[PDB]
Every structure is written in structure tokens, then in C-alpha cells.
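Quick heads-up: it's one chain on its own, the form deposited in one PDB entry, in C-alpha cells.
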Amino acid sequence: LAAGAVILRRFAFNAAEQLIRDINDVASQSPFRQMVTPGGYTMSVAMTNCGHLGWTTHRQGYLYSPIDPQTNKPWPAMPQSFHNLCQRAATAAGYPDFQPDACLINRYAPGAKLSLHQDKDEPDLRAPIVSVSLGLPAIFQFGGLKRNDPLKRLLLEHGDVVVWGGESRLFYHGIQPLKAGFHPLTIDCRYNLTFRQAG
């Protein structure tokens, strides 16, 4: 249970193949890189973006930038398949006016994790985040408004779409070490797209 969250399991199953082709297309211009946190530690989750803006780490913290700091080129345009799926997901959730300008693509290798954090770099925290999972299953862990609040678990599998709105939007969250295994479309990893209204 998560207030404001609309869980649409296997919603992106049909679009999955095209999404993976489009991730590889995005990755050819802006490669997956394990971003260095402000404290000097490399993240285990490999990331990249597409859209006008893109999430990245820098010296003084976290920010959205229209430029990829590794390639020094802008982030690739958001694929049509990405726009179409996010629009369908958002509309089904009660947000037909949601128009993302940023999509953070997370790649999880076996054992890759993401510790507890909040997504608060966006200007309007009332605007939801559309999460699309592809490939190997992962355990999404979440608390509440505070970091010491009781942790709940949710498995996110291939094609699972969640629209994190309302209270759920501000929840402290993370991903547990990705269990090893096989998936027909991604081989040995998990991909996660998080559409954001960043401008």
C-alpha cells in the first residue's frame, strides 16, 4: 500500500521490445555510465537520459542538465515509444496533462543496488513520476516522509508501470541488490525508465 501510487503491472509488456531497441539507440549517443556521487563514490546502477533535460550528479549536488557531462553533447531526444507509453500510463492514472521533458534510464547489473533516497530535484513535487520496469525482477523498497519510517517491499517485474503521485512521490526509496538470472529480452539486466517533469 502506497497512497497516491497507481500500480499498473505488465502495462508495458507489448511496448517492451521497441523500448529496449530505443534504449540501445539512446545508449549509442549517451552511454550508460556509473555516475560519481558528490562524495566521490561511483554508483552501482549505470545511468543515462533522454529528453530535453537529464538527471546527473555534479560537484555541489544533484541537478538536471540539458547537456550530458560525459559526452558534452545534449541528451538524445525522447523516443516516440517512450512518449507514447508514458502518455498512456499517465492518462490511465488520472494525469492526462503530464508532459515529461526528462527520462532517467537506470541499468541494473546483477548485484547492483540503490540505497534510500528521495527524488526532489524537480520544481513541482505535485507532478508524478512514471516508472517503467524492463527485464530481470527487482525489489523496490520504500519508507515514508522520514528516513527511519517502516520499510515496505514491492517486486517490480518486466513491463510493470507505476505512476508515483500524491504522497508516494515523496517517499524515501531504493532497490535491493539485483538477483542474478536470465531474461529473453535484456539477457542479464534490468532497465528502469523514470519520466519526470523537470523544467
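Just so we're on the same page, rigid core means the largest C-alpha set that superposes within 1.5 Å between forms. Start at 1 with the first residue shown and count on from there.
Omitted here: the form deposited in another entry. The next part is about that form.
Enquirer: Relative to the superposed rigid core, does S28 relocate between this form and the one not shown - that is, does its Cα move 2 Å or more?
Expert: No, its C-alpha moves less than 2 Å.
Enquirer: Aligned on the rigid core, do the two forms place the Cα of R153 2 Å or more apart, comparing between this form and the one not shown?
Expert: After core superposition, the C-alpha of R153 moves less than 2 Å between this form and the one not shown.
Enquirer: On a core-based superposition, does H58 travel 2 Å or more at its Cα between this form and the one not shown?
Expert: It does shift by 2 Å or more.
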